[PDB]
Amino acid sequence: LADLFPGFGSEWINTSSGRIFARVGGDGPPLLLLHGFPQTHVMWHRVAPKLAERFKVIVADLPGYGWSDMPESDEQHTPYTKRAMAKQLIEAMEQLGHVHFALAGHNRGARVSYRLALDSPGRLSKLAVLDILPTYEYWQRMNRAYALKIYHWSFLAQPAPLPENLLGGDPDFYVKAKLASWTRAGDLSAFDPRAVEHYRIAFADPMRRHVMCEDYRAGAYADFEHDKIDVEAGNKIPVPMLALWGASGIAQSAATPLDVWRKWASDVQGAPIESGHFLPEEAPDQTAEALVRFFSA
């Protein structure tokens, strides 16, 4: 497995729920980067160096993902709810002395990120979310067209062991197909092959795949309910916020992303990127420039 972060250290950070693995590089204001599914921290490898020119950059594996420890789940999928993941990453940042930091997330990590902003806004100086809408908004849009396009939201949320059993037959095919199907190109050419191997290796482990399913089960249940409380209360994120999305990604598919996020946040700017879902890899230059400019201001 390649080292894709020149000049970054490697740290295991202790928390009450298990270790968080992170690559750590740079100096200056702290910035945490959170990946999603079906990836690991390495999906930031093309934009993290540019950010580390200006920031101390912490590139973390989500709880249960990558090389982070896997806390034991329960019938309500608690440790893989975004509320719990955010609490665990808040603990990890406190181990480094960071109680007020910038945060960017993609896919599941962006769900941790906006849930963190809603629960604990004092932790965040600025927030960027990449190619997502809130979990509540995806479910409210779950008509025929969306049920077909993001079928995995219902499939991976089926009770164990149905998705685990299906994924175990040919996991390499599944992870590679999901990566490719959400790129503008439709193949793996937007990814560094060494990064794909990181994703393939993690996805090859049945315990890691079970975590992913627990994450999607939380996404169908507790995460949805948590979001629903905020919608009904009219709670908006007060943290200065950036919403990036791919012109052909998931978030734009049944909604207008900036219009949606303005319903969830009082200080949000946005921009489309010529890209599929995987902005930091398909469009590293535009993504890095947008993030550097946002987090510097």
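Start at 1 with the first residue shown and count on from there.
Enquirer: Mind pulling up the entry and telling me whether 21 to 29 or 6 to 14 has the higher mean Cα temperature factor?
Expert: According to the entry, 6 to 14 carries the higher average C-alpha B-factor.
Enquirer: Compare the mean C-alpha B-factor of 67 to 75 with that of 128 to 136 as given in the PDB entry, and name the stretch with the higher value.
Expert: Going by the record's values, the stretch with the higher mean is 67 to 75.
Enquirer: Pick out which of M93, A190, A177, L116 has the highest C-alpha B-factor in the PDB entry.
Expert: Answer, based on the entry's C-alpha B-factors: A190.
Enquirer: Choose from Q158, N143, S120, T183 the residue with the greatest Cα B-factor as stated in the PDB record.
Expert: Comparing C-alpha B-factors across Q158, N143, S120, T183, the top value belongs to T183.
Enquirer: Ranking every modelled residue in this chain by its Cα temperature factor as given in the entry, which third contains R262?
Expert: CA B-factor rank for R262: highest third.
Enquirer: Lowest, middle or highest third: where is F37 by C-alpha B factor in its chain?
Expert: It belongs to the lowest third of the chain when residues are ordered by C-alpha B-factor.
Enquirer: Test of reading the entry: by CA B factor among the chain's modelled residues, which third contains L244?
Expert: Within its chain, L244 is a middle-third residue by C-alpha B-factor, going by the deposited values.
Enquirer: Please place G109 in the lowest, middle or highest third of its chain by C-alpha B factor as given in the entry.
Expert: According to the entry, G109 has a C-alpha B-factor in the chain's lowest third.
Enquirer: Compare the C-alpha B factor of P206 with those of the other modelled residues in its chain, then answer lowest, middle or highest third.
Expert: It belongs to the middle third of the chain when residues are ordered by C-alpha B-factor.
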